[PDB]
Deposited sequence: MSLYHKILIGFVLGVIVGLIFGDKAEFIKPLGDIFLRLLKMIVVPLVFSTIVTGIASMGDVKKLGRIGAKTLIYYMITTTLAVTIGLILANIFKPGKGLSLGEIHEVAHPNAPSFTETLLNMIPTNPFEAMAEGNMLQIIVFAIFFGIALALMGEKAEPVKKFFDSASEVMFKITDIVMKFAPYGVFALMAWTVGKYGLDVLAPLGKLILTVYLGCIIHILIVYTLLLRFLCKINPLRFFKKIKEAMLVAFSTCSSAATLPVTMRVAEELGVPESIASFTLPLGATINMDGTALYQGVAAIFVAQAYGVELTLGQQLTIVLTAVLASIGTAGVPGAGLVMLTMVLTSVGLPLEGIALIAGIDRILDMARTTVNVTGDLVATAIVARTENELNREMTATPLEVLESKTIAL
């Protein structure tokens, strides 16, 4: 037996129970909530320890700068590609037819005024910034940082052990989540928006198979089939959990199983999970086109171009869409139509997000080795 097969069995059984039990499957919700709580309990300390120990291991600060620049460039390019794919798909298909602070301030507040305040509030960007500073400091001092460096390395190992412990509960948590979701979102809810569901799922699948797969094949020069076969656990947990932050422990678990240098995975994975929301951008574009079609607004290519920029910026899930709608002028009431099926879309959004994070890690690791 294996952890993945147990998780897969739990997923299938949860789907079956949710179908047969239907609405009465909410009785199982607490079990899934326990799993989500356990997953989220590990993110902060794991993120900090892993980032610090990864940057410390590098020893070359100049190297970290190249990795960061390449990772950011990749995130921007792939998010733009995701929005483009979403717009093209929502234009070729027509799901909507027939239905009816300042940026400069946001760049600030990424610098914590109090590291412990950021830790307590779970401010991921601030924690990442402080962890980068801490790791750079550790890398630049060397021998003088041995106690703190060793403590944080051991802490990272301990948090990975904890992630291993909780993942043993993963089959039952995934069973509960799938049962609850399939019970709550009955076919009646999907019937009117089946076009949108198909469009979003197909957009995500096309992104995975055309952007990620071709990149892995041609730039990384590595097979995509084994890549997915290795990261299967992370994708499945992201699909079941509907949150990149809660799935981050599993992505970081599988990243080392992938064999990329642990420093590279450690530095990038949390940052991407916080920013690299490719699936979210694709869904935002799809929803913008959907509401435009629903209300009969024939957005021009000039207007469609604005969607790309606004969706790319929005990443730095349903609430964020309002900015995309406002930017080009679609009525904000269109949120109500999609609000009833948000979780089903979130599943694919988070799956694509985690897949993109792992693909980015593979690309940046391969580029320098």
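Judged by missing C-alpha atoms, the gaps in the deposited chain sequence fall at residues 101-112, 329-336, 390-410, listed in sequence order.
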